[PDB]
Trainee: 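Next up is a structure, given as structure tokens.
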Amino acid sequence: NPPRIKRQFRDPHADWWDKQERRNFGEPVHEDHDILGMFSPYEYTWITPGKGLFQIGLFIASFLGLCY
Amino acid sequence: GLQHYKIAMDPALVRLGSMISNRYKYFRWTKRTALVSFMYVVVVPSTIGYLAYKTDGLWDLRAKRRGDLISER
Amino acid sequence: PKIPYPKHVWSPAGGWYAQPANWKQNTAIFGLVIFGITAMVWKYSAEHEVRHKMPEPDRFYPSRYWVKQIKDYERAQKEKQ
Amino acid sequence: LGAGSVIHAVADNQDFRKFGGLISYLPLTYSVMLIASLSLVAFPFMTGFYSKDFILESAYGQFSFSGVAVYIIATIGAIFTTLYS
Amino acid sequence: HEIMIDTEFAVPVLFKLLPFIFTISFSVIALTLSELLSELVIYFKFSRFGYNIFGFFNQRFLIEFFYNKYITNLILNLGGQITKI
Amino acid sequence: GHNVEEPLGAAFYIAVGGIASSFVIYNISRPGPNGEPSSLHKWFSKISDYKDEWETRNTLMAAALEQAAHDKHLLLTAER
Amino acid sequence: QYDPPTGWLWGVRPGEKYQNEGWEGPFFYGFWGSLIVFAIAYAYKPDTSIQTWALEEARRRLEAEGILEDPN
Amino acid sequence: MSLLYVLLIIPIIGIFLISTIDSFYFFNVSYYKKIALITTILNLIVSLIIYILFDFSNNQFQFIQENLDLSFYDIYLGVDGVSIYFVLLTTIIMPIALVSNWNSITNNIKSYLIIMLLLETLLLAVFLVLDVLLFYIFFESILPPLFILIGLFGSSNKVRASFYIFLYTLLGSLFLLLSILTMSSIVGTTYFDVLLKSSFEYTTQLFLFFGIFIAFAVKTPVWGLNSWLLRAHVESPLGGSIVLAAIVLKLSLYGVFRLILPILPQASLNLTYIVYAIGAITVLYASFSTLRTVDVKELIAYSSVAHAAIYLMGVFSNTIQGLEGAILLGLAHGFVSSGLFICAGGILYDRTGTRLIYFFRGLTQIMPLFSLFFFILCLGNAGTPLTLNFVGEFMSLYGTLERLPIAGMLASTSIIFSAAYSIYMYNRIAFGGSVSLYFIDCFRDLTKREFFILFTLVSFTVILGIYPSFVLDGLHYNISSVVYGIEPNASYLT
Amino acid sequence: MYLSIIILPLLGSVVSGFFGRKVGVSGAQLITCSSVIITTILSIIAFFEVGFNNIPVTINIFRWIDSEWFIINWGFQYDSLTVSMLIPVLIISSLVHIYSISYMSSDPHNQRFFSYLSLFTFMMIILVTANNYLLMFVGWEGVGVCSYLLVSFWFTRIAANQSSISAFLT
Amino acid sequence: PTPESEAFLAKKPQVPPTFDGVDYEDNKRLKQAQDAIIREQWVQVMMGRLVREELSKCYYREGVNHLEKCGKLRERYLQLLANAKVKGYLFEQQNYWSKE
Amino acid sequence: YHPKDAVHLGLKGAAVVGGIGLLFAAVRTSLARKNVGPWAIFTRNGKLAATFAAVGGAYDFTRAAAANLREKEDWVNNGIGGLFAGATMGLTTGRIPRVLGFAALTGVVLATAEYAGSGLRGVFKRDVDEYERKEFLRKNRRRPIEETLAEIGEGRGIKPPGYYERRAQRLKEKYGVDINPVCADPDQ
Ligand SMILES: CCCCCCCCCCCCO[C@@H]1O[C@H](CO)[C@@H](O[C@H]2O[C@H](CO)[C@@H](O)[C@H](O)[C@H]2O)[C@H](O)[C@H]1O
Ligand SMILES: CCCCCCCCCCCCO[C@@H]1O[C@H](CO)[C@@H](O[C@H]2O[C@H](CO)[C@@H](O)[C@H](O)[C@H]2O)[C@H](O)[C@H]1O
């Protein structure tokens with residue numbers, strides 16, 4: 001089994017046999033191929049999930065502070 | 001049967017499907033599989049059944065007006 | 001630049017860039033068949049619309065010209081003294 | 001529709017970072033789009049002034065805490081609206 | 001519940017008019033920052049405090065990130081667990 | 001330009017002829033101002049009358065199958 | 001400038017015509033024709049719905065009360 | 001002779017003619033196919049004649065023949081407003097089942113046609129017989145010809161698939177046999193009119209329920225138990241898959257209006273919470289795993305499990321609305337599941353020879369007509385208004401909620417998750433990129449055969465979704481005799 | 001008239017969608033646009049007629065769902081709130097069609113686009129003119145289908161596919 | 001009252017909607033009992049349908065003043081909504097209940 | 001009831017069941033294909049006899065114990081002794097899944113055998129007229145309303161005459177609120 005890495009992270013400029021999905025013809029596929037493809041839920045890489053809970057926590061506190 | 005059109009059958013994808021169709025031959029009883037096999041089959045349906053038992057005929061909204069109560073029991 | 005497309009593909013909505021030569025004649029024919037269906041639907045409404053209030057005798061209300069319930073009222077109201 | 005015209009007028013590009021000038025090239029679009037932004041911000045005597053600002057004053061009009069809170073909250077919403085416009 | 005009479009008479013002129021002042025104040029401020037003093041915003045973007053506040057809003061309160069990862073991808077793995085295990 | 005023309009097609013006529021046929025048949029089969037059904041309507045209700053013919057046949061069968069319900073108990077529950 | 005309309009309907013190339021396979025005969029005359037004849041006859045079928053019956057009585061019960069107006 | 005026996009004898013006459021024409025001629029197989037299709041047209045013609053003469057508010061069985069020559073096992077054929085539409089669905093479906101698979105069989109064509117003509121007889125019988133032991137006889141005679149319909153005309157995993165349906169359906173049906181045998185011994189017969197009179201003691205009804213439900217949970221099928229369907233409804237030929245899903249799946253839906261609702265009411269009432277828990281789980285677990293299915297035909301089969309749960313919860317609501325919505329959703333699934341097996345197992349598998357969804361993409365670009373019908377079928381499977389499927393779900397869910405409000409709320413998740421699997425499959429095959437690169441050459445769009453069976457099936461779904469009273473008027477009076485209950489000022493009148 | 005407002009946007013869509021071959025790109029554009037234009041005048045008239053005279057309009061055509069206690073009609077009611085909603089709906093639909101005669105001028109598929117536009121207008125009319133909550137739900141779902149069909153109009157863009165699934169399931 | 005239609009004779013129950021004093025082994029009488037209970041319950045629910053249709057017209061006739069002018073129709077409709085449901089006969093067939 | 005000495009009875013099963021398994025090991029040695037000797041019955045096939053002894057002793061003891069604990073005699077105890085028997089069955093094979101699987105398979109049989117009645121000996125005879133018993137249950141078509149209410153209960157759409165007045169009482173006793181629905185009509 002290959003690593004479970006989404007093809008959203010592959011290069012959008014390589015010599016892919018299938019440019020739309022970023023795949024070469026006989027390449028091995030992870031068993032989770034259905035949901036690793038270009039038409040699958042997106043991976044957001046702006047911040048780590050732990051830090052986001054903090055920042056959305058800060059917005060909530062300020063909103064409560066304005067309410068108070 | 002009928003001859004189909006030419007398909008670039010992918011050696012990779014064919015064996016992926018051949019993996020899935022034959023997958024069950026390799027399932028084993030481990031500590032991990034029992035945990036999932038116990039939660040989905042027993043806990044979650046038992047939990048649903050308990051709520052279904054305790055709320056049976058508990059509430060009726062039919063014709064109920066103000067001054068009357070939704071609870072039937 | 002117009003996209004290259006396969007010419008063997010048949011599509012009810014034309015496909016790519018499809019305009020026939022006779023399109024004005026086809027368009028005209030479709031206009032009448034629409035206008036005929038709408039006319040049947042209008043005669044239906046005229047005879048099945050239901051109002052509990054009746055329009056004033058003097059204010060603009062072009063429905064008074066085609067709806068039976070209203071027209072029967074004003075015809076009856078046009079009988080007094 | 002106004003912002004639809006500016007996207008078409010260039011390359012079907014959509015990014016603000018690569019648009020500039022274009023006030024002389026698109027005289028009608030800017031005015032009409034500024035017709036819209038003046039009412040979007042509810043500039044006095046626009047179509048938005050008679051609706052958007054009545055909710056703000058009717059919010060404070062309902063003399064309750066929740067009414068006052070949403071006045072303050074929606075007022076901040078107004079100021080950031082004027083900002084991105 | 002009605003508030004029309006109060007909103008017509010009770011509200012003071014300050015809160016009745018306040019959105020106009022804010023719009024006329026921050027508009028000239030925004031034009032000045034966007035054109036006259038085109039350096040303050042970059043200090044903000046390239047401050048670390050502003051680098052984070054900027055990316056919190058550009059990323060839409062991180063809502064999509066959380067839904068897609070915690071809600072949507074949970075359902076796909078639940079479906080996988082039921083199918084495989 | 002070109003001169004490849006398009007016939008309106010059979011689908012156009014079946015759809016229009018379908019719409020015409022429904023309105024024509026529906027208007028024909030209406031009962032009327034007050035009662036007075038059509039000759040076809042009088043024919044239809046006549047053929048499928050069965051005023052008591054199902055009730056008379058089902059009553060006999062229920063009686064006999066009740067009777068053999070009793071008779072099978074009697075024969076299968078006899079003293080050894 | 002618009003291109004000419006095109007396409008092989010049923011995959012029939014512009015030279016030849018659709019060859020009848022066999023099904024077309026009974027499916028178009030028997031299968032569909034049975035449904036049109038069913039639809040035409042369904043109009044004259046009498047209505048034995050429980051509602052048409054229950055409405056006529058239930059109107060007469062309400063007519064005794066002031067709830068519905070009686071013509072007589 | 002009765003007119004309900006004419007429905008049975010015509011397919012029997014058709015089997016005789018297919019086997020005795022080659023004796024009047026090396027005759028062509030085309031003439032084998034025409035005879036079988038004409039003879040399923042006649043059954044449809046007769047069945048509509050029966051429907052014109054039906055009486056929509058009669059509480060006696062209709063089209064009965066007085067036998068008065070009693071034996072041990074006698075066929076009694078009656079039609080009722082709760083069974084009429086199941087018969088009509090059978091007779092409309094079986095011609096499309098033949099036309100759908102017209103060029104795809106290619107070998108053993110006589111045997112194929114003789115099995116389907118045999119199947120139509122047995123499935124017509126199961127709705128027409130007036131005994132519960134007679135019901136069981138035909139409910140299980142369909143089992144041998146289906147073992148052979150899959151092993152002769154099935155796909156690669158056909159052998160295991162044919163063993164699964166036969167053995168699961170045999171096992172589950174033998175717990176129903178024990179309960180039928182108990183009812184007959186207590187009452188003396190299994191003729192409907194004598195059973196519905198009789199009221200069993202609570203404990204006996206609690207043990208007849210355990211036995212009729214084991215069977216129907218095996219034959220719904222519920223989630224824990226559906227491993228035969230994911231094999232049989234996929235490895236089978238296209239015509240086999242249409243009958244199995246549209247008609248065979250409903251044998252237990254119509255078998256609850258006969259075997260449970262009128263003769264075991266106290267058990268049905270006190271055990272409903274167990275049914276609803278099972279039904280809620282199969283609405284979720286089946287919906288979750290219909291997302292992750294890489295076989296297109298298997299994805300359609302898994303959809304049927306989630307649909308069947310909604311109608312099973314409707315038939316256990318003790319409400320007039322969930323009972324009629326259950327029949328409507330049974331009919332609705334019949335037309336729509338038929339079309340999606342026609343799309344999956346009969347068009348893509350005809351052109352690609354594969355069912356893996358990895359090879360498909362952007363089929364709208366070269367088959368616009370397939371895309372149009374595939375999307376309408378996919379939206380009915382998603383329970384979208386203007387289709388008969390939406391009405392069946394709305395009324396099924398309402399009764400589930402009025403009876404036990406918590407399970408209906410978990411059943412209503414279907415609204416969200418049926419839409420998620422249906423759109424995701426449609427978007428992956430028709431949309432979702434460009435024409436896939438695994439397609440070495442181009443693929444023709446729909447043939448005139450493929451267009452007109454999809455068009456026929458889609459038309460039934462819409463017109464019945466606009467005017468469901470075409471089916472509701474027959475159901476109201478007859479359904480009104482399987483409800484159990486009283487209201488305080490309306491009961492025990494003087 | 002009132003039941004003609006409902007029907008015209010529907011009819012134009014049928015011609016443009018299943019008959020785009022026959023009328024062509026221009027033929028579809030005229031019928032789709034003009035049919036929606038006509039509906040807009042009919043609804044300007046209905047505003048003065050219903051609102052400015054306080055005369056609600058009822059029509060009932062046939063049953064949809066007829067079970068005991070549950071009778072939902074294929075019926076419509078024009079009241080003060082109804083006619084207010086139609087005026088923005090029909091003008092903005094009427095003008096966006098005219099706008100689109102030039103915006104989509106280079107697109108390969110105009111008969112499909114203008115069909116979806118007419119179809120969308122029909123569904124908002126159904127949504128705001130129903131008698132009951134359940135026929136309201138036909139337009140509520142109908143506009144949902146029409147949105148998915150138009151966020152995904154260029155179905156060859158995977159981004160467009162993702163956003164249409166998101167519109168649909170949310 | 002409205003004249004009783006000809007179609008309203010072949011389906012008019014001839015029997016009181018009860019099971020008291022009804023021999024069950026007499027199938028015709030038992031089936032007619034069953035039919036007599038089904039039709040009373042159905043007339044009761046169609047009585048609500050008609051009152052609800054009148055209420056609807058009263059609502060659109062009076063508009064703002066619906067809250068005062070349509071209450072008698074409201075009262076009748078809300079009584080039928082709890083008094084009438086189609087519950088079948090199966091319970092009444094299998095149980096005997098008396099006033100005492 | 002009369003308490004029973006669990007340890008005594010438990011040994012009896014060990015000797016009864018183990019005694020039979022000792023005869024099975026005797027078959028194994030007699031059919032041995034080599035010159036294994038007489039004492040091989042206790043060395044080569046001893047584990048065969050031990051597992052019978054283990055299973056027999058667990059079952060009768062655990063059942064007799066569970067009989068004492070619940071102070072009742074019924075089909076249930078034949079279950080508890082059954083599960084503890086299959087539990088001991090799987091202890092030999094050393095696999096955890098077989099411990100649960102054997103116990104489930106073992107205990108479900110023994111409960112099913114008992115609850116269904118003793119079939120393998122003489123089935124219990126009620127000694128009553130079968131024609132009367134069968135005919136009563138065929139013609140017992142109606143029941144007293146009170147009888148059905150006990151099993152199902154009033155409610156869930158079973159609203160017997162007087163349900164509202166009783167419901168008034170039930171709600172008043174529990175919630176403590178007087179029921180007084182609104183007239184919903186401004187006149188009378
Ligand atoms: C769509 C399906 C809808 C039906 C299913 C859900 C129905 C839910 C009905 C809830 C209300 C039923 O009736 C309601 O009982 C709850 C019981 O806690 C009471 O709730 C109250 O209980 C206590 C008193 O005991 C109060 O102090 C407390 O403030 C509040 O929780 C309400 O006073 C009563 O009105
Ligand atoms: C309870 C039993 C099970 C129930 C299901 C019954 C299924 C019955 C299947 C149909 C009967 C057998 O069907 C029979 O198939 C054989 C296959 O060799 C056919 O026999 C023929 O097949 C092909 C057909 O082209 C010929 O080339 C070949 O020369 C000849 O043997 C018979 O013409 C057909 O009648």
Side-chain angles (χ1 to χ4, degrees), chain C residues 32-50 66-69, chain F residues 11-33 35 37-48, chain G residues 32-49 51-52 55-56, chain H residues 48-49 51-54 56 88 386 388 455-456 459-474, chain I residues 1-4 6-8 10-11 14 58-66 71-76 131 135, chain J residues 5 7:
Chain C
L32 275 71
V33 73
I34 296 169
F35 164 89
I37 293 173
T38 207
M40 293 180 49
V41 176
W42 198 295
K43 185 177 180 180
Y44 183 82
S45 312
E47 292 194 294
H48 295 95
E49 293 179 354
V50 166
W66 49 79
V67 297
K68 64 159 303 302
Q69 185 188 16
Chain F
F12 166 69
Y13 288 117
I14 296 165
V16 169
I19 280 168
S21 284
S22 311
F23 167 67
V24 162
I25 290 313
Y26 195 72
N27 274 29
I28 292 307
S29 83
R30 280 311 93 200
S38 178
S39 167
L40 265 166
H41 287 268
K42 274 186 179 177
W43 189 66
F44 270 90
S45 65
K46 175 186 174 185
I47 54 172
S48 56
Chain G
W32 276 96
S34 179
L35 282 71
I36 296 89
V37 160
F38 168 82
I40 297 169
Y42 190 91
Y44 304 81
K45 161 193 180 43
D47 186 75
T48 60
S49 186
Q51 275 103 344
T52 312
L55 277 296
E56 178 191 323
Chain H
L48 300 156
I49 294 150
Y51 180 80
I52 301 299
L53 303 181
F54 197 69
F56 282 168
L88 273 153
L386 276 296
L388 185 70
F455 175 80
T456 307
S459 296
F460 271 107
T461 85
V462 186
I463 303 140
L464 287 181
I466 297 152
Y467 204 67
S469 302
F470 285 143
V471 177
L472 276 180
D473 293 352
Chain I
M1 188 216 84
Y2 296 79
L3 203 70
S4 293
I6 297 169
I7 193 66
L8 293 174
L10 176 69
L11 295 174
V14 163
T58 311
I59 191 166
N60 303 96
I61 310 151
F62 50 103
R63 307 167 303 171
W64 186 20
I65 297 153
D66 190 56
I71 180 166
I72 297 89
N73 286 103
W74 274 104
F76 302 92
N131 282 150
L135 183 56
Chain J
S5 168

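These numbers come from the heavy atoms of this one structure, side chains and all, not from hydrogens, waters or symmetry mates. Below, chains carry the letters A, B, ... as their sequence lines are ordered, and counting in each starts from 1.
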Trainee: Can you tell me how far OH of I:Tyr2 sits from CD of C:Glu49, rounded to the nearest 0.5 angstrom?
Mentor: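 That separation rounds to 6.5 Å.
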
Trainee: Restricting to non-hydrogen atoms, name the atom on C:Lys68 and the atom on C:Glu47 that form the minimum distance, rounded to 0.1 Å.
Mentor: CG-CA, 3.7 Å

Trainee: Can you list everything that forms a side-chain hydrogen bond (donor to acceptor under 3.5 Å, both in side chains) with G:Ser34? Sequence neighbours excluded, please.
Mentor: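 With neighbours one apart ignored, the set is empty.
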
Trainee: Would you say G:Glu56's side chain and J:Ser5's backbone share a donor-acceptor pair under 3.5 angstrom?
Mentor: yes

Trainee: Can you measure from CD1 (I:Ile6) to CE (I:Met1) and round to the nearest 0.5 angstrom?
Mentor: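 The CD1 atom of I:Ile6 sits 9.5 Å away from the CE atom of I:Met1.
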
Trainee: Do the ring planes of H:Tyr51 and H:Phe54 sit parallel (below 30°), tilted (30 to 60°) or perpendicular (above 60°)?
Mentor: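 Parallel: the ring planes of H:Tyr51 and H:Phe54 meet at under 30°.
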
Trainee: Does G:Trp32 have any side-chain hydrogen bond (donor to acceptor under 3.5 Å, both in side chains) partners at least two apart in sequence or in another chain, and if so, which?
Mentor: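 Scan of G:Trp32 (side-chain hydrogen bond (donor to acceptor under 3.5 Å, both in side chains), adjacent residues dropped) gives H:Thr456.
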
Trainee: Rounded to the nearest 0.5 Å, how far apart are CG of I:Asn73 and CG of I:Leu135?
Mentor: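 It comes to 9.5 Å.
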
Trainee: Restricting to side chain to side chain contact (heavy atoms under 4.5 Å, CB included), what partner residues turn up for I:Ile72, sequence neighbours left out?
Mentor: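 So I:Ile72 forms a side chain to side chain contact (heavy atoms under 4.5 Å, CB included) with I:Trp64, I:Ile65, I:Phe70, I:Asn132, I:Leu134.
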
Trainee: Testing the basics here: between F:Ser48 and H:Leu53, what is the closest heavy-atom pair and its distance to 0.1 Å?
Mentor: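 Heavy-atom minimum between the residues: CB-CD2, 3.7 Å.
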
Trainee: Output all residues satisfying ring-ring contact (aromatic ring centres under 6.0 Å, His included) with I:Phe76, sequence neighbours left out; order by chain, then residue number.
Mentor: none

Trainee: Can you list the residues that meet the ring-ring contact (aromatic ring centres under 6.0 Å, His included) rule with C:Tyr44, with sequence neighbours excluded?
Mentor: C:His48

Trainee: F:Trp43: what forms a ring-ring contact (aromatic ring centres under 6.0 Å, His included) with it, not counting sequence neighbours?
Mentor: none

Trainee: H:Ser459: what forms a side chain to side chain contact (heavy atoms under 4.5 Å, CB included) with it, not counting sequence neighbours?
Mentor: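 For H:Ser459 the side chain to side chain contact (heavy atoms under 4.5 Å, CB included) partners, ignoring immediate neighbours, are H:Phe455, H:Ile463.
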
Trainee: Tell me the closest heavy-atom pair linking F:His41 and G:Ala43, and the distance in Å.
Mentor: CE1-O, 3.7 Å

Trainee: Verify side chain to side chain contact (heavy atoms under 4.5 Å, CB included) between G:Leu35 and H:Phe460, making sure each step is shown before the conclusion.
Mentor: CA-CA 11 Å; G:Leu35 282 71; H:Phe460 271 107; 3.6 Å; yes

Trainee: Can you name the salt bridge (charged side-chain N to carboxylate O under 4.0 Å, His left out) partners of C:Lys43, sequence neighbours left out?
Mentor: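 C:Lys43 satisfies salt bridge (charged side-chain N to carboxylate O under 4.0 Å, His left out) with no other residue.
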
Trainee: C:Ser45: what forms a side-chain hydrogen bond (donor to acceptor under 3.5 Å, both in side chains) with it, not counting sequence neighbours?
Mentor: none

Trainee: Under the side chain to side chain donor-acceptor pair (under 3.5 Å) definition, can you give me all pairs with a residue in residues 36-48 of chain G, not counting sequence neighbours?
Mentor: G:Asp47-G:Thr52

Trainee: For G:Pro46 and F:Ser45, which heavy atoms make the closest approach, and how far apart are they?
Mentor: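 In this case the closest contact between G:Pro46 and F:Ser45 is CG-CA, 4.0 Å.
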
Trainee: How many angstroms lie between CD1 in I:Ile61 and CG in I:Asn131, if you round to the nearest 0.5 Å?
Mentor: 9.0 Å

Trainee: How long is the straight-line distance from CG of I:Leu11 back to OG1 of C:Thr38, given to the nearest 0.5 Å?
Mentor: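 Output value for this atom pair is 6.5 Å.
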
Trainee: To the nearest 0.5 Å, what is the distance between CG on I:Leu3 and CD1 on I:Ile59?
Mentor: 4.0 Å

Trainee: Using salt bridge (charged side-chain N to carboxylate O under 4.0 Å, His left out) as the criterion, list what pairs up with I:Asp66, not counting sequence neighbours.
Mentor: I:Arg63, J:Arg49

Trainee: Can you list the residues that meet the side chain to side chain contact (heavy atoms under 4.5 Å, CB included) rule with F:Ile25, with sequence neighbours excluded?
Mentor: none

Trainee: Quick check: are there more than 12 heavy atoms from other residues, nucleotides or ligands sitting under 6.0 Å from CZ of C:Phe35?
Mentor: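 12 or below, so no.
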
